[PDB]
Each structure stands twice: as structure tokens, then as C-alpha cells.
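1. PDB entry and its sequence, pasted below:
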Amino acid sequence: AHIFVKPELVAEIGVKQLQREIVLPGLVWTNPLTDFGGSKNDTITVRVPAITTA
Amino acid sequence: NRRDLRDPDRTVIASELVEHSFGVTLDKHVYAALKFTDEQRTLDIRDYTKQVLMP
């Protein structure tokens, strides 16, 4: 019968891929040490001080 | 003390006042002692206040 030339319409309506919310980085101790370049094996050794007894 | 009223005997038991006591003695010596050789003090100690005195 009648022929109509139509486009294929693409729409975005706010449907996204559900994906986790990030909380862990803010709670962990990040970068107390920075100069890993300049220490052998990329290892910085932390010194824990001493305690005596009377 | 108590005695019967109108008792034929009239003796009274005299009470005693005894003061007691106990001694408090200074008898202990608490110490912390440290020994550092000239090498340990020269080479191994860096601060001596946060490394020796505070501990």
C-alpha cells in the first residue's frame, strides 16, 4: 500500500547500567609513605619505636 | 554494760580505752636504668629525648 520513509529514533531516558557506589578509598590510610622511588625494592621500611621496662 | 536495776551487788565493770595503730613504711625503689656505650650513643642514638628519655 502506502510506503513511508522513516528514521530509526535513538533516545536516552536515563536508564544506565546499575553500578556500585564507592566507599572504601575514603576510610583507609592512604599515602603515609611516598618516596618509594629511592628505596630498594620499592620498599620503605617503617620503624616502630622502642619501649623499656622499669 | 548493763546490770539489773536494784541489784544487791553494786560493782561496775570498768571499760577500757585502747588506741590502736599501724605503720606505713617507705620500702621500695622504682627505677629505670639505661646503659649506652660510646658507639651506641654516638652512632645509634639520634634524638635521645624521644629515644631514651621518653621510653
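-> That came through fine. Numbers count the residues shown, from 1 in each chain, chains lettered A, B, ... in the order given.

2. Show me where chain A has its helices.
-> Under the criterion DSSP state H, chain A carries no helices.

3. Using CSV, list the CA coordinates for stretch B:41-48.
-> Taking C-alpha atoms only, stretch B:41-48 is exported to CSV below (Å, rounded to 0.1, in the frame of the first residue of the first chain):
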residue,chain,number,x,y,z
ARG,B,41,75.4,6.9,71.9
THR,B,42,77.5,8.4,69.0
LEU,B,43,76.1,6.3,66.2
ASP,B,44,72.9,4.6,67.2
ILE,B,45,71.2,7.4,69.2
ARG,B,46,69.6,10.2,67.1
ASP,B,47,67.4,12.2,69.4
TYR,B,48,68.0,10.9,72.9
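
4. residues in contact with that stretch?
-> For stretch B:41-48, the surrounding residues in contact (Cβ atoms under 8 Å, 6 or more residues apart in numbering or on different chains) are B:36, B:51, B:52. To be clear about C-beta, it is placed using only N, CA and C from the backbone, and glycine gets the same treatment.

5. 6 Å instead?
-> With Cβ atoms under 6 Å, 6 or more residues apart in numbering or on different chains as the test, stretch B:41-48 has contacts from residue B:51.

6. and what of stretch B:19-34?
-> Applying Cβ under 6 Å, 6+ apart, the contact partners of stretch B:19-34 are A:52, A:54.

7. From one end of it to the other, what's the distance?
-> In stretch B:19-34, first residue to last residue: 48 Å (Cα to Cα, to the nearest Å).

8. again with stretch B:5-22
-> Note: stretch B:5-22 ends 41 Å apart using Cα to Cα.

9. How far off centre is that stretch?
-> Its chain's C-alpha centre and that of stretch B:5-22 lie 36 Å apart, by Cα atoms, centre = their mean, to the nearest Å.

10. residues of that stretch that come out buried?
-> Of all the residues in stretch B:5-22, not one is buried under the rule 16 or more other Cβ atoms under 10 Å in any protein chain shown.

11. And the residue most central in space within chain A, how far from residue A:31?
-> Per Cα atoms, centre = their mean, the C-alpha nearest to the average position across chain A is that of residue A:25, at 6.9 Å. According to Cβ to Cβ, to the nearest Å, residue A:25 stands 11 Å off from residue A:31.
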